[PDB]
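For reference, the structure is listed below as structure tokens.
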Amino acid sequence: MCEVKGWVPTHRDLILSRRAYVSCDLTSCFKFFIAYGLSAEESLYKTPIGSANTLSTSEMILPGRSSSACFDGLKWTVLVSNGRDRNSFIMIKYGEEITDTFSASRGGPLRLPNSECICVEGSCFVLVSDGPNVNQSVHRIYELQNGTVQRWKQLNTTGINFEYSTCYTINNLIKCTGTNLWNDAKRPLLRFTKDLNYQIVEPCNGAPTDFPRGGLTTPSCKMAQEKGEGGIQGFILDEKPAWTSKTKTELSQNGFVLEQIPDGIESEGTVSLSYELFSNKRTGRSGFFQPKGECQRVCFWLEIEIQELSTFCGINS
Ligand SMILES: *[C@@H]1O[C@H](CO[C@@H]2O[C@@H](C)[C@@H](O)[C@@H](O)[C@@H]2O)[C@@H](O[C@@H]2O[C@H](CO)[C@@H](O)[C@H](O)[C@H]2NC(C)=O)[C@H](O[C@H]2O[C@@H](C)[C@@H](O)[C@@H](O)[C@@H]2O)[C@H]1NC(C)=O
Ligand SMILES: *[C@@H]1O[C@H](CO)[C@@H](O)[C@H](O)[C@H]1NC(C)=O
Ligand SMILES: *[C@@H]1O[C@H](CO)[C@@H](O)[C@H](O)[C@H]1NC(C)=O
Ligand SMILES: [Ca+2]
């Protein structure tokens with residue numbers, strides 16, 4: 001059908017930025033990011049993908065410290081979190097209007113994933129996390145329409161933590177990669193549908209892809225507990241073939257390696273093809289985005305160190 005058989009690069013008064021990601025409308029793609037100062041408060045800004053982030057090129061959206069954004073074919077849905085603890089909240093804008101809010105249920109802070117949310121046939125889906133401790137975190141999928149919350153589903157994530165969710169959609173399934181900041185150096189995976197049925201699975205190989213992490217181990221569908229605490233946003237293309245991604249080694253954030261696994265992420269993890277990128281550059285967060293115009297496209301963004309996003313897109317059938 002539409003196997004991803006490789007990846008190619010597609011993009012290579014300054015505002016200081018963190019938690020950036022990419023999202024696209026029908027013609028163009030944007031960097032959404034949290035601006036926290038000037039190369040001489042915290043607010044979601046947006047900039048055309050070809051430009052540097054600067055007061056002249058970047059557009060302020062709303063105050064906040066995490067975010068998500070997605071285009072539904074008609075208008076932008078944007079979410080930001082702000083406030084603290086039990087008074088932490090998320091606000092949502094649809095086009096130019098603020099359309100909804102909700103507050104923390106489990107002690108806060110409310111946290112958005114800092115990757116694009118996923119719109120399918122006018123509904124948009126976003127993962128929201130809550131809870132003050134990574135060892136007792138709560139995660140919900142919120143379904144939106146026109147920037148208004150229609151419903152949500154809290155997930156059973158007992159025994160894991162699922163932060164920094166980065167998601168894509170193929171064939172009206174939505175698939176997200178999580179970062180476990182508590183007790184796993186492998187990345188938890190989420191699969192869900194427009195009806196909010198879902199499955200959470202663990203990679204069954206022996207090569208953890210979080211940073212920090214331990215060394216390689218025997219393949220199994222067990223969690224990789226060694227150096228499981230902490231983590232950084234990243235992605236796994238959860239298809240057949242699957243593709244994993246990680247720093248070159250567990251000792252350094254240099255480099256970025258992509259590995260193709262034809263039998264999928266729940267198999268023993270035999271690699272058929274690998275890439276090595278950015279060999280002597282420090283790399284950071286990574287996540288999915290999907291441009292909008294046969295097979296559905298999938299791309300990824302990656303922080304590189306002065307710290308900028310590069311983007312790569314998948315080549316299909
Ligand atoms: C809530 O989920 C937990 C853990 O489920 C496992 O990890 C999840 C993140 C997800 O990936 C699931 O697909 C995984 O199974 C589950 O507890 C686990 O249940 C399995 C058996 O179904 C056990 O083998 C496993 O030891 C257990 N893990 C832990 C950490 O407790 C919960 O289901 C269950 O509660 C436990 C205490 C058992 O009594 C079990 O019979 C009961 O169904 C699940 N809670 C609910 C209400 O479904
Ligand atoms: C959860 O982690 C926190 C932070 O380190 C710790 O204070 C607490 O004891 C842990 N709680 C449980 C249930 O183990
Ligand atoms: C969303 O706006 C559309 C216009 O595209 C309208 O037809 C629809 O009823 C709205 N849906 C909700 C849930 O408000
Ligand atoms: Ca981890």
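Each residue takes its place number in the sequence, starting with 1. Just so you know, these numbers use all the heavy atoms, side chains as well, and skip hydrogens, waters and symmetry mates. In each ligand, atom 1 is the first atom listed, and ligand 1 is the first ligand listed.
- Between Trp243 and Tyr275, the ring centre distance stays below 6.0 Å.
- For the Ca ion (ligand 4), the N/O/S atoms of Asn180 include one lying under 3.0 Å.
- Residues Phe102 and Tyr142 bring their aromatic ring centres within 6.0 Å.
- Atom 3 (C) of ligand 1 lies below 4.0 Å from at least one non-hydrogen atom of the protein.
- Within 6.0 Å of CD in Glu229 there are 12 or fewer heavy atoms belonging to other residues, nucleotides or ligands.
- Not a single protein heavy atom sits closer than 4.0 Å to atom 47 (C) of ligand 1.
- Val138 and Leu155 fall into different hydrophobic clusters, defined by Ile, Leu, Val, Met, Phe, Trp and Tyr side-chain heavy atoms under 4.5 Å apart, directly or through other members.
- A donor-acceptor pair is defined here as one N or O able to donate and one able to accept, closer than 3.5 Å; such a pair exists between the side chain of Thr99 and the backbone of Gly147.
- The protein heavy atom nearest to atom 13 (O) of ligand 1 is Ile200 O, 3.8 Å.
- Looking at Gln290, its side chain does come within 3.5 Å of a backbone N or O of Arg297 through a donor-acceptor pair.
- Checking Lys227 against the Ca ion (ligand 4), every N/O/S atom stays at or beyond the 3.0 Å cut-off.
- Taking the six-membered ring for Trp and thresholds of 30 and 60 degrees, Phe278 and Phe312 have ring planes more than 60 degrees apart, a perpendicular arrangement.
- Side-chain contact check for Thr247 and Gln253: no donor-acceptor pair (N or O, by modelled atom type) lies under 3.5 Å.
- Heavy atoms from other residues, nucleotides or ligands lying under 6.0 Å from CG of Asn171 number 12 at most.
- Put simply, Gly230 gets within reach of the Ca ion (ligand 4), with an N, O or S atom under 3.0 Å from it.
- Panel note: side chain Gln145, backbone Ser123; no donor-acceptor pair is recorded below 3.5 Å.
- Within a 6.0 Å sphere centred on CZ of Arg151, heavy atoms belonging to other residues, nucleotides or ligands number more than 12.
- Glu250 has no carboxylate O lying under 4.0 Å from a charged side-chain N of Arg213, or vice versa, which leaves the two without a salt bridge.
- Under the 4.0 angstrom criterion, atom 38 (C) of ligand 1 counts as lacking any protein heavy-atom contact.
- The protein does not reach atom 18 (C) of ligand 1 closely, with no heavy atom under 4.0 angstrom from it.
- Atom 25 (C) of ligand 1 lies below 4.0 Å from none of the non-hydrogen atoms of the protein.
- The nearest protein heavy atom to atom 22 (O) of ligand 1 is not closer than 4.0 Å.
- At a distance under 4.0 Å, a protein heavy atom can be found next to atom 44 (C) of ligand 1.
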**Message:** If you apply the rule disulfide bond (SG atoms under 2.5 Å apart), what do you find for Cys117 with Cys124, and how did you get there?
**Reply:** CA-CA 7 Å; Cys117 44; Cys124 302; 5.7 Å; no
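- The N, O or S atom of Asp184 lying closest to the Ca ion (ligand 4) is O.
- Contact annotation: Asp210 places an N, O or S atom under 3.0 Å from the Ca ion (ligand 4).
- For atom 29 (C) of ligand 1, the nearest protein heavy atom (residue, atom name, distance) is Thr158 CG2, 4.8 Å.
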Quick check for students: name every N or O atom pair between ligand 2 and the protein closer than 3.5 Å, with distances.
| residue | atom | partner | partner atom | Å |
| --- | --- | --- | --- | --- |
| ligand 2 | 2 (O) | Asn135 | ND2 | 2.4 |
| ligand 2 | 11 (N) | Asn135 | ND2 | 2.8 |
| ligand 2 | 14 (O) | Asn135 | ND2 | 3.4 |

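- Atom 1 (C) of ligand 1 has its closest protein heavy atom at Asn156 ND2, 1.4 Å.
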**Message:** If you apply the rule disulfide bond (SG atoms under 2.5 Å apart), what do you find for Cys176 with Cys167, and how did you get there?
**Reply:** CA-CA 4 Å; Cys176 307; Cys167 307; 2.1 Å; yes
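- In this structure, atom 11 (O) of ligand 1 has protein heavy atoms in its sub-4.0 angstrom surroundings.
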